[PDB]
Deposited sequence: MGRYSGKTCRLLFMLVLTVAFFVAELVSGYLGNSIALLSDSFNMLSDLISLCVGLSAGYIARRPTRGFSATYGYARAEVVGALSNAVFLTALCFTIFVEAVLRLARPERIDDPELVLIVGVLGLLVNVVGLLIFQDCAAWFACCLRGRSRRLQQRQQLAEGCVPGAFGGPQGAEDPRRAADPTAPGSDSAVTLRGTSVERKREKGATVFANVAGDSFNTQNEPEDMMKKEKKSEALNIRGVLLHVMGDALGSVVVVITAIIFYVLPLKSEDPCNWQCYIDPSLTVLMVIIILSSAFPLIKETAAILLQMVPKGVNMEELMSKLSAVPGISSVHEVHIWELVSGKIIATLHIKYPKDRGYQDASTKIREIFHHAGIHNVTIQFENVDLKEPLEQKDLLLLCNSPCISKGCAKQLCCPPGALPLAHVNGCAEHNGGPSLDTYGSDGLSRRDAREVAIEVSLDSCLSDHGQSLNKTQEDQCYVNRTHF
C-alpha cells in the first residue's frame, strides 16, 4: 500500500474549500466536501490496516477493533450525506437567487488541480464518482470564461449552470452513499449476512440426525468473512452429540460460517431453553425473550 495521499488530499481539500468560498462556487464546495469524505475514508482504511496485522483482543474489546472499518464507513457515509444536505440547500437557494463566479481562473486552476489528483488516484464508486464532480467545476469555469459576464450586467443563464449541476452531483454522490449506509448498518444492526441463506441453512440444521430441537440461532457478521453463529441445540440424554456436532459445524462450514458456538441442552415444555438466566425475572432482560 501507499499512504502518500493524505499529504495531497488534505492539502487540496483546504485549497478547494478556500477557493470554493473565495471563488463563489457550490461545485467547488461540493467537491471539497467529497475530498473530505475521501480523506476520512483514507484515514479509516489506514486505521483498518493497523488494526489488522496487529490484533489486540483486549479486556474491553473481546472481538478486537476490526469493526472500525464498518463503523468508520457508516460514519463517513452519514457525514457525506449531511454535507450533501447543506450543499443541496445552498444549491436550491442559488437557483432562486442566482449568483455568479468572481474568479473563474481561480475556480478553473483549482478545478483541474484536484481533477489531476483523482487521476493520480485509481490509476496508480466514490473514487470513480469523485472525478465527475471535478469535471463540473471545470465546466462551470469554462462557461464563465469563454463567455464572460461583466460585473455591471445581471445574472444570465450562466448563473444557473453551477447550482443545477451541483444538484445533479448531490444525486450522484448520494446514489453511492445510500447503498453504503444500508449495507453497513445491516452489519451494525446484528442482521444476518446477505450471503448466508438462512432458509436452506435452517432447513439443513433441523435435519441433523440426533438433534431434537434448535433455538437461539443467532448469526451475525463482524467483518467480511468473519461470521459468528451462536446456537442452542437440544438433544436426547441417552445419545451423544459428537457426530451431531461434527455435522452441524460442517453444515455451517459449507455456508461460509466458521465461528460457530453451540450450546447443547439436554432433553412443548421440551422446546424452550433449559438454561435461561438464573432467575425468572431475567426474562425481561433476555434477548429472544421467553
item: Deposited-sequence segments unaccounted for in the coordinates; value: 1 to 9, 134 to 242, 386 to 394, 418 to 485
